[PDB]
Amino acid sequence: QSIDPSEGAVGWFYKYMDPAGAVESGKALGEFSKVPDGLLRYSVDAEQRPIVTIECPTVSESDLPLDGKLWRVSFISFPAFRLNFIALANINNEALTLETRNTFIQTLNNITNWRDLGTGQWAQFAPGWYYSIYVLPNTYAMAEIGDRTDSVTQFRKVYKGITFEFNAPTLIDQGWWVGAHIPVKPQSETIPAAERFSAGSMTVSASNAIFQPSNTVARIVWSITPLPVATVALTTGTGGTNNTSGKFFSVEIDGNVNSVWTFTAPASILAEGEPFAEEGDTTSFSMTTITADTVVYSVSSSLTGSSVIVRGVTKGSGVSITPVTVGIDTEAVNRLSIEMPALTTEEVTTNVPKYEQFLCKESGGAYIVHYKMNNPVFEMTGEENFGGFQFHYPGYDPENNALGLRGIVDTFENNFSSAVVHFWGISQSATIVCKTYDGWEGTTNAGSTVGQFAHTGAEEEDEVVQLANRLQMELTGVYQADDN
Amino acid sequence: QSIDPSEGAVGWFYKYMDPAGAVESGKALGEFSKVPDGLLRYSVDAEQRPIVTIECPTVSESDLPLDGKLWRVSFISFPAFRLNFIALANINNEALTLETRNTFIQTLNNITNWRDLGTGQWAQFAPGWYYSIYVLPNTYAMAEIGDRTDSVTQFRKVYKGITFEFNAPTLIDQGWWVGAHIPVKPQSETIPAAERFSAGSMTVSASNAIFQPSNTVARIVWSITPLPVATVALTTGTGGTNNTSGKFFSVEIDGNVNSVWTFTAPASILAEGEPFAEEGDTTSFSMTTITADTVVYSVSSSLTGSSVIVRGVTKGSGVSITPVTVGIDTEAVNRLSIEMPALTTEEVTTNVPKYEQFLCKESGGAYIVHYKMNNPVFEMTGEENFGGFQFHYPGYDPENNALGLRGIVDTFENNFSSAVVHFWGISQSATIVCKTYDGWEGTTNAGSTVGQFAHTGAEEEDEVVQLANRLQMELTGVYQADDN
Amino acid sequence: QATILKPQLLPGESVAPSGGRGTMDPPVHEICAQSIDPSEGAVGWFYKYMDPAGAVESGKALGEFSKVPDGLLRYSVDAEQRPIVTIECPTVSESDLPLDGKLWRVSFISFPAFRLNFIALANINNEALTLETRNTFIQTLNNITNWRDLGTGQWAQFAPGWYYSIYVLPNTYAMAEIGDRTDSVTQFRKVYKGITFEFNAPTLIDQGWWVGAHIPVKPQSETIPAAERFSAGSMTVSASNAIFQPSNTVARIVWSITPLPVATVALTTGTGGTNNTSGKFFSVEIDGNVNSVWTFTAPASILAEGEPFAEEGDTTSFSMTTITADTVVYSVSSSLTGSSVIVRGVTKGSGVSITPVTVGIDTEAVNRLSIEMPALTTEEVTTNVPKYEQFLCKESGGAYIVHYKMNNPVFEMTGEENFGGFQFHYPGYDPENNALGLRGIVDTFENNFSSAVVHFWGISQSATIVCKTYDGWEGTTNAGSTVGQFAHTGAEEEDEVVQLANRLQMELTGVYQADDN
Amino acid sequence: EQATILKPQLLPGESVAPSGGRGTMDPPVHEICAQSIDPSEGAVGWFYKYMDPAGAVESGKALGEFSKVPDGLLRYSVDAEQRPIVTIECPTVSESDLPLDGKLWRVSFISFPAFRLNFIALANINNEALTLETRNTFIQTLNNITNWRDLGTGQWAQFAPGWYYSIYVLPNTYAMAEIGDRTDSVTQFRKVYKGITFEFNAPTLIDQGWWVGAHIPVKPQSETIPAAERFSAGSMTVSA
Amino acid sequence: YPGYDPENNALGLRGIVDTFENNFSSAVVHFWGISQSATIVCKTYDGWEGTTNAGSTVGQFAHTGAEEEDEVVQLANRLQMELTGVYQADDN
Amino acid sequence: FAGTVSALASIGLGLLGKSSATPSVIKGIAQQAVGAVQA
Amino acid sequence: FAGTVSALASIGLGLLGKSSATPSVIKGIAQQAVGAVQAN
Amino acid sequence: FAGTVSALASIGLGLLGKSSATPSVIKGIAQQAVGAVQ
Amino acid sequence: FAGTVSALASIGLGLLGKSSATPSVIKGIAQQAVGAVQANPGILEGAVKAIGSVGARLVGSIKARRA
RNA sequence: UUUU
Ligand SMILES: [Ca+2]
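As you go down the protein sequences, you meet chains A, B, C, D, E, F, G, H and I in turn. For the first sequence, the deposited numbering assigns the number 73 to the initial residue and increments by one for each residue that follows. For the second sequence, the deposited numbering assigns the number 73 to the initial residue and increments by one for each residue that follows. For the third sequence, the deposited numbering assigns the number 40 to the initial residue and increments by one for each residue that follows. For the fourth sequence, the deposited numbering assigns the number 39 to the initial residue and increments by one for each residue that follows. For the fifth sequence, the deposited numbering assigns the number 465 to the initial residue and increments by one for each residue that follows. For the sixth sequence, the deposited numbering assigns the number 557 to the initial residue and increments by one for each residue that follows. For the seventh sequence, the deposited numbering assigns the number 557 to the initial residue and increments by one for each residue that follows. For the eighth sequence, the deposited numbering assigns the number 557 to the initial residue and increments by one for each residue that follows. For the ninth sequence, the deposited numbering assigns the number 557 to the initial residue and increments by one for each residue that follows.
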């Protein structure tokens, strides 16, 4: 009898190790979402196992074509509370130009109501590139301000680990990948709280619409930084609108240069140092021009003498921003500056040594497993570092960063590796099933539902953990899917 | 080897474990206020045991009316450096509704020169609500750069033990209570430092002045954030002016509608896109209408052309914020977004399973022992999370937050769990004595007095510390008072 | 004793002819004992972490000593920078006697910062520091604008008898903070840091003594807002004196402007004597007489005292009306007709004159780090610190200082979290005197390690200090990292040792003599 | 057999002050005593790397500081491996559909032991024979590249109709800026070894393809771009 | 190149900039009949050693040079030459 | 009980010293300190 | 029960169970688990 | 199989380790790492 | 004493060598290494000299070689 | 011839 850890430890150990084999091997037992470090009076442990089948952007989940065309897809898993990972893509087989990646990022740093994206639905930020956000449901499920409004004080990822099965017909298995865990930490660059007038900005990302006149009709994602959300709708022209759900203003719409949607100001707005429109005034948005790479947008205010806006925007490129100033009050919220885990196959292979690449055919996919990679011990990310995921990367210049509460709004698990899995030359006709076995331990402050299964913290089992930790620093964290 | 630990490390043990009983059980040995993690090369360990007499907001201290009437009173204890804890009370045993709740909150975040409540004395904040703050003498004593200034580079609560003795005549020795620990980390929402001008807000709370014609008079405490403390004196009418020790501008007044207070502006002011005063104008604030329920006020200045100002404030609940800009400058100083520990007897149960509850009659009150819950080690909590915390909570609309440096400004223990204790069926004829054995250990950087007491950080007593938080873990941070 | 070797393939792993990983965890030459088997890196580290400078010349250094043996990082790059700087008196105090028995004071602040080594400030006269004296100092380090253009270790006057310089760490400093070419790594830890302050003095007048003491400091990210159309800024004019020329005639103000873009200031109308930065923001180093006037094309719109002053295509002209041997009056002039001139009173060698400016320039948000300047007081240290040591420079041929995991019991990974513009606060110090925009030092501050200072006192103008520093940092590289190509597996956890170390350290004073080096 | 040597920090007879002396210590040499020699892993490791820079690592022969040619030439030295892995793909004409029984490409690589640069790609979509014109059009191109770093992103680049090339650099060395404001590099340098494995990322069945490889030396004989002042002659190119 | 007019050459300092290992062999590896849908992962391994000077962001990673093992080197040399530098991407 | 917690610890700490400090022992002690009387 | 990575645990966890519990020892198992060895 | 080269690299190297390392002696090895004397 | 530190630490590590690293023992070992407790000649100090006499001596000697 |  050297030591006797209770199931909840073992089950844990094995999980914070092989969160797939753990379960698969029935090795996962006991209340394993709790780290046997014994640090909590009480704690709610949990394991969200999303299985999302990341299919190629322009593909029919139905009658998939045995195309034989390709596509890049990079996954950047982050140890965030209600955020699984981000999916980068590229139908046309093309590399990541600085232009490209810089466009990418800025997109993610200026995503008005990131919630509107929880669908993990694909979004075209660049001519051949798309992205999307998959979330850890159950957590995301707990409505931020909620209806039953369950609120978690602090938490801590107990084990990320997700496998990216290479769902591909032997016909077309042409594929290869490479993962690697790169730690990341958020520096709370705070967005200030103002009183009568708080500043913000107006973003407009233009692109072509699927199955639409690549020069006659273009889709943009018009939004406004601190502006209260308001409903829009085409007023005159070729239909095509998709409103936001968030508390701020944003909208996606398709249409020609003749098309004009409008909405009513939720509050006063200044623009180019000029009162653009007040509460009432109904603002209109249209396109002086529309091409295949550019679009002149222009917003007309109902206000009297309200000079209107005119702006050039290369669709597929960045977001042309128009600084704004709304008469609304704003709470100071935190933006989180976050390095962006090496987005390039090489960038990754040369700077990270513990990476591990594979041919999809042989490695039935990919299986990364994060781990407490920062704090030698499981501290407890809480309010500590929560905010608007606003990333940077080498090259990226913030010159094109949104002034408003944008980006992915969550809490980054302070101590824990965020990883990257790049899948290169995957068959158009193939998809990546992503079963993540993510788990966390947190505390409840107010709610009506969660604080029920809140129990006592795991029994402090050093040796166990000790070992667990050894194996981590020890391993790659990236394995053949066949090893989950 | 016997596993021999310094007799002072043992002191720390019980102290941490039972900060109150340890003293009584004489188990309080050596410099028990230093944490035996063998971390610090040196350090100062201190332990204040400040005792507070909590009386029912209206009930006298002199004469005890045996009303056989009750009142709900709760305390929120924070591992804040100088802040001992906060307490709020309802003179009608009433429930904390939303608005009441939010108002409560709202207030705490808009507490201008919070140092003004250093005095345990209450402060109405709602129809039947009062609240007050309890500072830790010796620390609170640490005047932040004044005349007499000393300082600490960082610290970490070595333990906190509060015991709310149920001081109630056995006669109406009735009522009950619920205690529970909820760990909370703060987030640094920043209050941008500015130059020529600084945005701010002019708050003006309003509520009946105990012992004055309800419908006639009204006691109100209006302040103006960036605006430097101004000495207000009643100008014309029925008396009632309590000024502030504070560094900014705030004052509590009461009186007839026609009553007038006035002070000179120590710096230029702006309100509603307009100017209001020069660094020499004579600002005049008075009331228009006084309703036992509502209240209209309006301020003006000697500024030639200075428009007047007017807004209303339903007495007893909330403040009338006024987006303002001051002619002085702000410091980087940021607030601390802090989740508010379940204020309702409801959630506490529905969220903290290792919470306890007894009747005040048997359990001579409630005794809580705070413990390192945040991270598994005694990390040092320094400057990193210091600032005017403003509590956020579901329901609470940030909109209501002031704009300047308000709230209880202090440092938060990035480790210790915060705890709240709600007393419900208490009789006004009862008072809750609060023994507070709270002891921190930090390091000095500049000072003339504390230095001489700094010695060596307690040797690494790994074995004890080990079990220490092991017990605290499996143990309810709450306990029967009489068990101290 | 013996060597260990882990397999590319984990028991059972079935890789293809080109799969797997690309690394091969360099072998484990862990030494053996009756109870433990630390790897030479683990061991070397122990000694290095303990007696950095010594353990090396002590022969006890070895293996990945620049890596921490707490098997935390799966992969990590690491190293040590041993920059050796020679601090020596700033004023060429001209004396006529054959024996200018002059003495000077000097002190160093060590910050376990990624790119920063330590700071230093001396007083030509052995005079101690005054409150306001100290303050100016402080407010200067906060107002330093294009700080990078100071790492040269160059001396800088901020006070009358006071100068100060900052020393980077050769390489980490050699890693830029621009979006184009160089960006730091995802995070790191100060694996150990020590410095010897060799008392290089003529064994004739070896007078002097010094006090050393470690003080921990944790930064506070008091962040700057991200502006859009316009941005708030601060126009700084720190008036100073020509190290040689007549005070009552010539001044040596440094003139920078918080968010305004660096634009070449050429002296046009005046006598001459300028030296502009290369930093991203606009700053200038210039000395001259009254009539003199420098110029430059304003990179962007500029407001001030409400009314607009300049526009992109405008040309600002800065001059000085009066130059008392100690006070200075100046003027700022815009092309843009309809604008009025700016004037302000300063006091060379004293606080700066601020000018709440506004620049028509989008403003990236970046935090400023509110860091309590460690006891700089001749005798404050002596008080708030019991673990401080001190001897005469003569005896202790200098000072030896060894930092340690001070703040966290264990070795976290100080990452980007606390990174930004160092802005030091202190008691009696007023921040109103703090410059706006992103200025001051900029670096990732190892929040775990012990900050620490050492003041030398009563030494000779002749005596100089050779600061042999041994900085050991380890961190994880991300992209573009000009170093990622050096990272390997992270040290294995040999806490057995580690703890010991921690005890020693704790048990010990991070200060010693340059003879115990 | 095993051995571990330690070069003292001092020299026989040197009397050294505490404070000073040598600042760097010497990483201990570990030698594999053999009946005829006892190299250090930094040798063998190298040896192997130099010999089979990939299988030596995949195999488990890459020992120590193998990125250092064991020839006691340098007193001090910087060693380092770079394992960038780019997945050169066929270029884009258009989402112009693609039948398996159809299209394919030709792609060639030229690898030079250049410090920063890794290798040069080149491919022809419709699969072309390098015609003379095609060649020149290419070469002329590589040459006339202005801010060569502009494409260091390893991004495809057209030039000839249906012809595209690209440049891949050593991600970490490319990372080290040249003649920049305050930026510059190392003194000398020397490839310690360099190999590349162009893994054939192909569907199990559409495994169609053939490649050829060969080592051919090439040495750069320099020609100069003279400095000047008032005006420096040059030229402006414009490709289509 | 054999059959190229240096007329098409750009004047000024353009072209790929860099230092060339005036020691190693350069190579070429042409591939044909590669289905568009097939791609090539180019996993490289470039080792190199130099002597840092100033501002080098690497001087730290610097230290003692490799000792002379021509005793072994030799083999490696006469070994390489002994064979092609070209092999199967299943022998690495 | 005059600081039940206090004594409740004395017991846990008592056992500790007068017994090896196995990181795993401890647990059983802390556990015995209240619930599971370790064997 | 496909987990290799997992096997690589129960293997060491296996040992640990009857291992001296020394963290030094833990290192031992933790390397054995990876299936490491003492070369020569 | 993967590392085919490092195979001989071993045979070769290894062989050396025992042989009377000599340019000649050596060559012979480098030759044995593949060739046969016919 | 060049590296009196590492030397000090060196010894303590030495003890740790045999001593089963029990935080309890480690403590003692640490306490010991410093010289605080349980020490024997496994101790050493100021071997160098203050120039005063270092200098003065060689001044006394130059010619006083008669002995 | 030797102390340090
Ligand atoms: Ca922390």
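A virtual CB, placed ideally from N, CA and C, is assigned to each residue, including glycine.
| Query | Result |
| --- | --- |
| Along the beta strand (DSSP E) that carries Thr-397 (chain A), what are the first and last residues, could you check? | 394–398 |
| Does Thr-560 (chain I) come within less than 8 Å of chain B when only Cβ atoms are used? | no |
| Show which residues of chain B have a CB atom less than 7 Å away from the CB atom of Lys-583 (chain I). | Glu-531 and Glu-532 |
| Can you name, in chain order, every residue of its own chain whose Cβ lies under 7 Å from the Cβ of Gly-568 (chain F), other than the five neighbours on each side? | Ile-585, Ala-586 and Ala-589 |
| Can you list the residues near ligand 1, meaning Cβ strictly closer than 6 Å to any non-hydrogen atom, in the order they appear in the chain? | A:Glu-451, B:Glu-451 and C:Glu-451 |
| Contact defined as beta carbons within less than 8 Å: I believe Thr-130 (chain A) pairs with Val-250 (chain A). What is the distance between those atoms, to the nearest angstrom? | In fact, because the Cβ distance is near 24 Å, the residues do not count as touching under 8 Å. |
| Examine the Cβ distances between the segment 97–109 of chain D and the segment 58–71 of chain C and report whether three or more of them are shorter than 8 Å. | yes |
| If you count every other CB in all the chains shown that lies within 10 Å of the CB of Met-274 (chain D), and 16 or more means buried, which is it? | exposed |
| Put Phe-147 (chain C) into one of helix, strand or coil per three-state DSSP. | strand |
| Taking its Cβ as the centre, do 16 or more other Cβ atoms sit within 10 Å of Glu-471 (chain E), making it buried, or is it exposed? | exposed |
| Which residues does DSSP list as the beta-bridge partners of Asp-117 (chain A)? | A:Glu-513 |
| Where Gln-246 (chain A) and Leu-136 (chain A) are concerned, what is the direct C-alpha to C-alpha distance, given to the nearest angstrom? | 16 Å |
| Any residues in the segment 485–509 of chain E with a beta carbon nearer than 9 Å to a beta carbon of chain C? Which ones, in chain order? | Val-505, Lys-507 and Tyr-509 |
| With 8 Å set as the bound, which would you pick, yes or no: does the beta-carbon of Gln-429 (chain A) sit closer than that to a beta-carbon of chain E? | yes |
| Can you list, in chain order, the residues of its chain with a C-beta nearer than 8 Å to that of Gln-178 (chain B)? Leave out the 5 residues immediately preceding and following it. | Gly-390, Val-391, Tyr-468, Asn-472 and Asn-473 |
| Chain D beta carbons: is any one of them nearer than 8 Å to that of residue 573 (chain C)? | Nothing about residue 573 (chain C) can be reported from this structure: the residues present for chain C run from 40 to 556 only. |
| Which of the three DSSP states, helix, strand or coil, is assigned to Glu-171 (chain D)? | helix |
| Please state whether DSSP places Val-493 (chain A) in a helix, a strand or coil. | strand |
| What does the alpha-carbon distance come out to for the pair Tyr-231 (chain D) and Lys-507 (chain E)? | 14 Å |
| For a quick check, are the C-beta atoms of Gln-226 (chain A) and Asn-446 (chain B) less than 8 Å apart? | yes |
| So, at 6 Å on beta carbons, what are the nonlocal neighbours of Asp-117 (chain D) in its own chain, with the 5 sequence-adjacent residues on each side left out? | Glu-103, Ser-105 and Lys-106 |
| Since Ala-213 (chain C) meets chain E, which of its residues come closer than 8 Å, beta carbon to beta carbon? | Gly-519, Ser-520 and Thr-521 |
| Pull up the CB-CB distance for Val-536 (chain A) and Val-449 (chain B), whole angstroms please, since I reckon it's below 8 Å. | About 17 Å; that fails the 8 Å criterion. |
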